[PDB]
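We name chains A, B, ... by the order of the sequence lines, and we start the count at 1 in each one.
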There are 6 protein chains.
Amino acid sequence: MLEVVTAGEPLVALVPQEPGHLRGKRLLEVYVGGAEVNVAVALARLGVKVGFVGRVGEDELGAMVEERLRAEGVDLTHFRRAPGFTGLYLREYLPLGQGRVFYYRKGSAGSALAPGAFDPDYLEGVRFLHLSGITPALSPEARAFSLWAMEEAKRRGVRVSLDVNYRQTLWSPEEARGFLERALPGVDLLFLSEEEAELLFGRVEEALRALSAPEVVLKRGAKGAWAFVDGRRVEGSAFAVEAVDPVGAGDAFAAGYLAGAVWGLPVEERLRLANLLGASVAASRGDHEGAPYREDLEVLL
Amino acid sequence: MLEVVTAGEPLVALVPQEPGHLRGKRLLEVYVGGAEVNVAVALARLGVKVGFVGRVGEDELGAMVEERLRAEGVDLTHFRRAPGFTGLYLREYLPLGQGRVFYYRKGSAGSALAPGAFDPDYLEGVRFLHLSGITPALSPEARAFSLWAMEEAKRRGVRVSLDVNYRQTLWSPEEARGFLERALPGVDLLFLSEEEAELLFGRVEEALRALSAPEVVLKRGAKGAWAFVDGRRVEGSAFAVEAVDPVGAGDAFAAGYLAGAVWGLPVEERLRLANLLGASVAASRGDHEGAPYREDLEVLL
Amino acid sequence: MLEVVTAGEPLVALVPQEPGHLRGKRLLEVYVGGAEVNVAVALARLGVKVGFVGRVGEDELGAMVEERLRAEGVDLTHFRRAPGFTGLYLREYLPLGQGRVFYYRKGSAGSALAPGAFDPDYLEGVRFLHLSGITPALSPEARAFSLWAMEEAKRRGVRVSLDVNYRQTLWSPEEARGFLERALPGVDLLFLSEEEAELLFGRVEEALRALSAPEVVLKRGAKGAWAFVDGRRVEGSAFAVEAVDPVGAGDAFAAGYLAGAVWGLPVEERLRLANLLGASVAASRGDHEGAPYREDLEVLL
Amino acid sequence: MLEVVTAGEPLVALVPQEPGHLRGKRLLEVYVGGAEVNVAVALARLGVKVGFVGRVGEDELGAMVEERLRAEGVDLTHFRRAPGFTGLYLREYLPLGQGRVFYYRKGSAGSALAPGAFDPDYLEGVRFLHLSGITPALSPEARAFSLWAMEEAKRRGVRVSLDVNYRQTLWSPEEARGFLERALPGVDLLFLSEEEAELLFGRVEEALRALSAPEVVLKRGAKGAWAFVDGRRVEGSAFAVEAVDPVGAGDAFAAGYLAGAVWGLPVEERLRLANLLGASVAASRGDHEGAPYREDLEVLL
Amino acid sequence: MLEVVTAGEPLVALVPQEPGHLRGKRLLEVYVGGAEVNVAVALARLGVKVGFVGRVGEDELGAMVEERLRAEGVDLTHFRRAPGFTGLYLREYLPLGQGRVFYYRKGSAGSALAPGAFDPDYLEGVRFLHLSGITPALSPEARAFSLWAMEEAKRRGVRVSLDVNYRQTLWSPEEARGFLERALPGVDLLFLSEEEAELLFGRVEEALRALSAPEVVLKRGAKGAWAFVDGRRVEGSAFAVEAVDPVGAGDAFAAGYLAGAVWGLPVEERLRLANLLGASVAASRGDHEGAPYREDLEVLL
Amino acid sequence: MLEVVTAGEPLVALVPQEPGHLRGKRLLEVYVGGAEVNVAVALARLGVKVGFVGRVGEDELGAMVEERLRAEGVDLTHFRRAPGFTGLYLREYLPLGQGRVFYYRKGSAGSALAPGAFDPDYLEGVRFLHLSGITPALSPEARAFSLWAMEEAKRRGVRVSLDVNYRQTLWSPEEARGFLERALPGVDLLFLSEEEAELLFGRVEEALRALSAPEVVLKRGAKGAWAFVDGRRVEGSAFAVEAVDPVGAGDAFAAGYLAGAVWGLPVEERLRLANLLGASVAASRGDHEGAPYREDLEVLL
Ligand SMILES: Nc1ncnc2c1ncn2[C@@H]1O[C@H](COP(=O)(O)OP(=O)(O)O)[C@@H](O)[C@H]1O
Ligand SMILES: Nc1ncnc2c1ncn2[C@@H]1O[C@H](COP(=O)(O)OP(=O)(O)O)[C@@H](O)[C@H]1O
Ligand SMILES: Nc1ncnc2c1ncn2[C@@H]1O[C@H](COP(=O)(O)OP(=O)(O)O)[C@@H](O)[C@H]1O
Ligand SMILES: Nc1ncnc2c1ncn2[C@@H]1O[C@H](COP(=O)(O)OP(=O)(O)O)[C@@H](O)[C@H]1O
Ligand SMILES: Nc1ncnc2c1ncn2[C@@H]1O[C@H](COP(=O)(O)OP(=O)(O)O)[C@@H](O)[C@H]1O
Ligand SMILES: Nc1ncnc2c1ncn2[C@@H]1O[C@H](COP(=O)(O)OP(=O)(O)O)[C@@H](O)[C@H]1O
Ligand SMILES: O=C(O)C(=O)C[C@H](O)[C@H](O)CO
Ligand SMILES: O=C(O)C(=O)C[C@H](O)[C@H](O)CO
Ligand SMILES: O=C(O)C(=O)C[C@H](O)[C@H](O)CO
Ligand SMILES: O=C(O)C(=O)C[C@H](O)[C@H](O)CO
Ligand SMILES: O=C(O)C(=O)C[C@H](O)[C@H](O)CO
Ligand SMILES: O=C(O)C(=O)C[C@H](O)[C@H](O)CO
């Protein structure tokens, strides 16, 4: 029944209505966030049978997250409000472009995900299993969870799509590669941004040799992206649009690709689709508000 | 020379613009809170020389706490940004009155507060040293600070004011009673709200027997308040207005009482002043936004 | 198994942010309404298994109706988007109380509702079938549906609940009385608001004689309400709060009564529950935004 | 033919969206005010043919005054934009009720108003000529206009209505009393608010003796109002609603009284009408935003 | 006295504050719309004596429309609130550019306009008579109205300016041309957009031969426009500006041209002016909010 | 202790939330303004010991200004609320770019600054003394103040940095040069915009010969700027950013330069820094909201 299964800790996003330092702000918008959540919702809007695995707290915010996933029609068979608090963060985008994020996630009910965080018979028949580097950077349990996950998916013959999503706050470049070197063996698909490649490896190049998965997609910001399949290297043109809030764009990019593959799409149409979802998210507010719905696809370049 | 010195954990309050369940709110108002901070501003606006002692993380909200403090005129000699984050809390006020609160302050830069947090010589010549039962509830480190704090003011001939401000989310009634029995000997003035007394000492009367400090004041909500000084029991009438946002209405109360005290007025005037301040805030949004200014008093009533 | 099944025309409500004449309003708040939809959500939030049967056009607002329904947990097995548009209505609440309403629903996708709209077997084992006098007023097609609907639930041993909810803009008192005399035999529980009774049956007492259904409840605004069960007449005290937006306060009422019923409680508790729900909504904006959740009840009062 | 002609200084009012000290407000609501303008709109909305005589600078706000006037239907035959600026004023309404006002109108284009400001023949056949004690307080130039104005209406058999509307910021009680003793002989109807009477004539009763005009009405706030016509003293009950923004509640009052008068109704109806208008505005924001329309009356009450 | 006379059904516009699907919105801005209304108001702001012919409903929205036309100083001698409802629509502009509109106009009081919808002696002396394709697409009566109109105008020697404004929702391409083929004989001036030309004819070219009026202006989006007079073909440069809401731009374009002609302007200055008004409307929110006022003209390129 | 000392009259700014004529607006944002204030705050955010000299009124707005200067940590040793009103102005930015400002400053408490407006021993040790052409254009006293100021600064060996900031409303081009010709002798640094140079002199060229100060900086809008030191002429590249509200940009530019010099920066790094602060202010709302803080500098090109 289910084609994709993404997992990790969801978050509630607090953002200023316009650029400027957070200190001068007095009104914050609230959105639902979380790399996997963003992926889970983007896939669902596309008409893809997706399911999300994770925990929120027994508070008002966890209830917000659940309604978003539920209204979006994402499988929550293994998602539920567990005792504890729902993590949140505050963002701030400066006039010229400098941006910083403040987390209030340490200890959340969502950062508990330990191995066996669900029934492996869930993954049966499933095409993909998308996870993001943020999760394992959350808790020893989380790190344990990641690995276990893909293993149990591959065991079911389910392809493992992963997105680096390196976050400086959550851990150092070392521990990052350490994780990578370890989990790369089962990763059928790896999503990576250019900055990340040069921040954890120095030069995109070395990054690309160490991290060799069957299929690898490099998000190059507005310069589109590069998909690596069959030694052959494809390039994708980015959709030119005014970048409202670049947050969530990468996940939409990843979500767009996965829908491409799931629908058995040629590496080009999978890239075109990815850049499209990423331009929508970038062109809007919130973490995944701009995710398109299938019925919108046809009319988009 | 400073007349009052307040100290505790600064906080940032998030508030829906109107009643309802937080889960449905899309916007949040940002306010500078903290029990002792509220007391400190109030006094600052009243012309009383007040100093606040505390720590905000080295982030944007901490800067916002710092900028509000400076804006008011609260001496920050011993207040400063230190590594870590500034704690924040959300607030829900339901259609039928009763609402809930959610903290994001555990492990914050402010809940560090331990003994020798500031140079005691600070308290020299200071009329009062204000604390709140919230402070010692934040951590053993802070619990000790509280004790050291008043022992150091007592040693300086400074009056020690304490407001139970008991918060169940923080510690149990027992954990609270315990701190009270040990603190009380150092307390000259005690503020209490009927609820807290009944929720901690069965019935108001009992609480009063146990906490027999030189001067004790009982906030009875809009139903007035009794001041117990020298075997005498003055009862003070409450001001009438519609309960907007009552959060911190007690801190406004305490500050007005203290100001009158510091101003050497009768018990009947401290209670009026204290009642006026409290109502003005409860009629206002935020945590101490409605606190009146010196100029205003002369006419109000 | 479903305990309640509601059905009628979903609606989108537009509301000025505060009182005044609509002609001067520059902004409108968007809410999900519909009498039976309001009842359905309320129950959904209370833990009662409820199903809504209806149609929204194949447009953006219809999707919004659908997404709210899903968010709450209302079974849409027999609810779905069908060609046409979703009806909407504006709302004016004047400075001195009395306000006016304006519909844009004639010819909508929802006002189609005709016999055999859903598969009757749906009602199997269902405690109640809720309808509203609004439904049969929308069209001969819908008027028949109503009749067929309850005849099909009656045939299934399902209790048939009906709320007059008479709207003059829709049909005349006569056109309404007529539908009532013919419907009534199939009705087990009847909800009525003094006004509607006097505006349709001269005086409350008369209306009561004519509409003598097994169980009848009279909403007397904030002045309480009488429940007429088994020759007995229980009178239930109303909750006190300030009339924010009373629209749909009756649907909240009906839903709380039904829940208590479905929960097998005394008449005295159904009226309390019913009164609590109603007040919570009237104290809130939108159509059922203030409806309380299971968790909340345990403490409210 | 015009039934009423009003005249004075138009104004733009700036208002915080809710109570509190202006110093902290970051947004201001923009409204079209002016005592005589308020009276003029009210009448315009009531179906009474009214003309306003005044000047707005040749700027954007003046255009806004002009556009509101036109929108309502107030004859601007003798109203027009002239070099200079349009005056504006801010408004502060504190948590505990009492608030303050701040003018920015000195030297404005409207405070020019001098004798022969308009062609007197205008007043021909006009039931009333309305003025306000605000006008002559603006400048010797305007003070004279006032006098000339009513002497010219009296000369035309037009009734001269005057509303003390005393503003301390403008002139002293003396400077005001003085204008009153000299104006009064030309006044047929006088509106006064208890406060102004006590703040200018010690006690209400005294003021009444001094200002013995043919018809005199005493606005006693929400506590009603007495109408003194032909040795008789009719007392009119006030409408009940919560004091939103009371600014200009008196102008709404005066306009409703005048309308009833112009409509040849009993004193008991003018007071009801006058009380209704006033309450509707006080229940609304702005200066005359809540003023009801003809259509509305028929039902209100 | 009157130079131009435009006619058709006015509408109230409901629009999101930012891009994104209407389903995720919760606040809508309200503006007055209607191709002719937009034209009528734009002309008036330019200092052109214009008059609007049409009907709104006896509701709050029709009252909004009238105040806009009245405040803007547009002749309403033959415009009035007739019994019934005022039409409205909802718009939605997507992140990348895809847009869709939802109508709630079928049956409005404004869609009744049948022949003799006013006194032909109105058109005497009038230079132009602007109508738009939307009107005849409204009701058989409307279609009858259009034709009759121009006829009665030409009969008075008044030039007939028309703007295609093809709308897919309101009717098919066939019926569109059918109308065109019929009414073209009296159309002295035709306004057409490039998309329209290729959607009702296929290629701009054929469109331009079939539809041959004395003077024809082709709106080519941002690529400016082409005016066809005397076999000679002129081209106009579009004003480069960020396109806020492209709705209403075409009417402003048409309005700008007409003011050019009315003022006896060279085909170039008539085009320059048209592109200017169209850039203003495009550069702002609402349907015609951005229409400039004459006093602004000089300072604009 | 103090490095820079700027002086002049502060103002409160009222601005529309989006472009469009002020007449159509209904909500205004409030910000603190004043060329020197903007300079004073920008310097302080940079970590420069600055002090502001000037007067505000004894009203709510003067209290707003003081909190901004105080929170920003600007020396107010010689700044204080003197009896009287605080000046304000209204701005309005049109769709295409045309902008106009409306002043309500004539007579403000801040426009009194006469010679000896502070204790000259204030300037001791001070590096700079920045003033702006607006001040002397305010009141004869103000003009007297300007001159006296620099004199007393030079007397202390403090460099005199001045910014033309010609304002058409406040005075004519003649009186402007008249002032310039007079005060240029003590001006060590002159800031001038290109338009100003061609509006008071005709051609930038002549402007540059008459006005020859040791160091002169020409703000050329987005084309960066030109710094003239040692006969040598340097050029600065402007930061490309979308211009939100260009108001305050010049002062930020001036503030950025001064921080450059104060920090002993090479004419290039002083220009780079200036263009940076000017791009921030231009890229944000308000008069100086976008001023960066030192900790932000490193990460900015
Ligand atoms: N301004 C933009 N315009 C178009 N596409 C964008 C823009 N910003 C991001 N994207 C899309 O999102 C994908 C990722 O961009 P990127 O920002 O690097 O991911 P991340 O969320 O990690 O920052 C890109 O490959 C691109 O297709
Ligand atoms: N609705 C109200 N009206 C007037 N005064 C109030 C109101 N709510 C609180 N206060 C004032 O605040 C003081 C404390 O009330 P209380 O609510 O008990 O403090 P706390 O914030 O701890 O709950 C009271 O004694 C009273 O003077
Ligand atoms: N202002 C109010 N305060 C408390 N309860 C209210 C209020 N308005 C409505 N209710 C509740 O809603 C129920 C119905 O009131 P009513 O207004 O008559 O329903 P309806 O929405 O049909 O008008 C009442 O019996 C009462 O419990
Ligand atoms: N809160 C209120 N409720 C009802 N009517 C009010 C209220 N405030 C003012 N009014 C009406 O306005 C009229 C005048 O009240 P008042 O406040 O004295 O005028 P003013 O604007 O000059 O102060 C009153 O006689 C009354 O009818
Ligand atoms: N983004 C834009 N920039 C400048 N002018 C525009 C823009 N969008 C529309 N216009 C102006 O409006 C006129 C019509 O544009 P168009 O959008 O094609 O009409 P329509 O309202 O039918 O869509 C054009 O000829 C042009 O002058
Ligand atoms: N749109 C913009 N982009 C970048 N820098 C700008 C922009 N507008 C202004 N600036 C900066 O502000 C400085 C002054 O610009 P300018 O507008 O001419 O000063 P002013 O405030 O007097 O108008 C310039 O030299 C430039 O560095
Ligand atoms: O950055 C994080 O911590 C998140 O997971 C929240 C964001 O929505 C996510 O990163 C988007 O990429
Ligand atoms: O709860 C706390 O810790 C706070 O200090 C926040 C509020 O400002 C406080 O409760 C008001 O007394
Ligand atoms: O009036 C209707 O048809 C509705 O159902 C809309 C409201 O939600 C309903 O009146 C509330 O009972
Ligand atoms: O105070 C004034 O001068 C005004 O006219 C403004 C207000 O509209 C007036 O006070 C209301 O009566
Ligand atoms: O599109 C319609 O139905 C309208 O007439 C409303 C719009 O304002 C008009 O089309 C603008 O071109
Ligand atoms: O223009 C004026 O009058 C001001 O001083 C206020 C502005 O903030 C200043 O000019 C910015 O350059």
Side-chain angles (χ1 to χ4, degrees), chain A residues 18-20 93-98 222 240 242-243, chain E residues 222 237-244 279 283 299-301, chain F residues 15 18-19 35 38-39 42 91-101 132 163-168 190-201 203-205 207-208 216-228 233-260 267-292 296-297 300-301:
Chain A
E18 66 285 311
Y93 38 82
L94 299 178
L96 270 58
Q98 184 55 41
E242 182 164 334
Chain E
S237 334
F239 279 94
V241 66
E242 182 164 334
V244 180
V299 312
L300 300 173
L301 288 93
Chain F
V15 201
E18 66 285 311
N38 298 331
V39 186
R91 176 196 327 178
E92 159 212 59
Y93 38 82
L94 299 178
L96 270 58
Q98 184 55 41
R100 194 185 163 196
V101 169
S132 139
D163 174 351
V164 179
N165 265 305
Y166 170 68
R167 295 286 184 268
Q168 178 187 304
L190 178 83
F191 294 89
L192 157 73
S193 74
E194 293 189 303
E195 313 165 63
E196 290 172 355
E198 291 191 303
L199 193 163
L200 297 178
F201 289 70
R203 281 187 173 294
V204 192
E205 309 85 65
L208 291 168
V216 182
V217 180
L218 180 63
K219 289 171 283 194
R220 309 175 61 237
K223 303 210 293 262
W226 299 339
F228 301 106
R233 166 205 147 179
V234 180
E235 186 170 53
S237 334
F239 279 94
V241 66
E242 182 164 334
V244 180
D245 208 315
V247 185
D251 311 321
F253 183 89
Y257 202 60
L258 304 171
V267 199
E268 297 79 21
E269 303 171 8
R270 279 187 297 177
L271 267 179
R272 208 215 319 183
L273 182 51
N275 283 311
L276 172 43
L277 270 56
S280 298
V281 169
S284 291
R285 281 136 85 166
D287 297 26
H288 62 253
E289 299 303 344
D296 299 331
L297 285 188
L300 300 173
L301 288 93

Close side-chain approach of F/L190 and F/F228, heavy atoms under 4.5 Å: no
Please check if the side chain of F/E194 supplies one atom and the backbone of F/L218 the other of a donor-acceptor pair under 3.5 Å. no
Rounded to the nearest 0.5 Å, what separates atom CZ in F/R167 from atom CD in F/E196? 7.0 Å
Please round to the nearest 0.5 Å and tell me the distance separating atom CZ of F/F253 and atom CG of F/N38. 15.5 Å
Return yes if some donor-acceptor pair links the side-chain N/O of F/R91 with the main-chain N/O of F/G99 below 3.5 Å, else return no. no
Nearest-0.5 Å distance, OG of residue F/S237 to CD of residue F/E268: 11.0 Å
Between CD on residue A/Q98 and CG on residue F/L297, distance to nearest 0.5 Å: 11.5 Å
Okay, side chain of F/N275, backbone of F/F239: is any donor-acceptor separation there less than 3.5 Å? no
Min side-chain heavy-atom separation F/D163-F/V39 under 4.5 Å: no
Check: F/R270 and F/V234 side chains under 4.5 Å, non-hydrogen atoms: no
Within the supplied structure, the quantity of interest is the number of heavy atoms (other residues, nucleotides, ligands) at a distance under 6.0 Å from F/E195 CD; does it exceed 12? no
Once rounded to the nearest 0.5 Å, what's the spacing between atom OH of F/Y257 and atom CG of F/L276? 15.0 Å
What distance do F/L277 atom CG and F/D251 atom CG have between them, rounded to the nearest 0.5 Å? 11.0 Å
